[PDB]
């Protein structure tokens, strides 16, 4: 009885942001962009609200996983193949993505309460099935995660250099289907 995955609806956006914030409140991957301290993760929260509203809701895919009690216990943000920022950063804005069409798995987050439930796996399987014959890029934040993604058909590209920051991320690629003939 693994969680069930569907596209988000607008009514779900508050909980979705709550889940992202809980997952990433102490993650170096996000802390590096947001000036610290960030009491109550308020600036991180604003970042996620903006990304959902102006990027993922619009031109991407937002998947949610729900448990058997109906609550959202995970979220994934995907990009498809192809002012308020002064308040979050006081300044941001690709380069290591291969220059070929691909899906991008930006983030996958699981509620603390739902750790060890197969939430992340259900999300990835959903997104991989949607991607089908097309390619996927992601950046794995641990060797453990990299090994999970490798078992799902991602091959390594290499490590992205980090300044200031924690573990270098391992860029990975799930290739597109080979040409039939």
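Numbering follows the first chain given and starts at 1.
According to the record, the deposited sequence contains no missing residues between residue 101 and residue 102, so the chain is continuous there. Count the deposited residues lacking coordinates between residue 93 and residue 94 and you get 4 to 9 of them. Taking only CA atoms, the mean B-factor in the PDB entry is higher for 53-61 than for the other of 53-61 and 39-47. Remark: stretch with higher mean C-alpha B factor among 28-36 and 131-139 is 28-36. Annotation for residue 71: CA B-factor lies in the lowest third of the chain's modelled residues.
Per-chain ranking of the deposited C-alpha B factor places residue 158 in the lowest third.
In this PDB entry, residue 6 carries a Cα temperature factor that places it within the lowest third of its chain's modelled residues. Per the deposited record, the Cα B-factor of residue 145 falls in the highest third when ranked against the other modelled residues of its chain. Ranked by C-alpha B-factor against the other modelled residues of its chain, residue 152 falls in the highest third.
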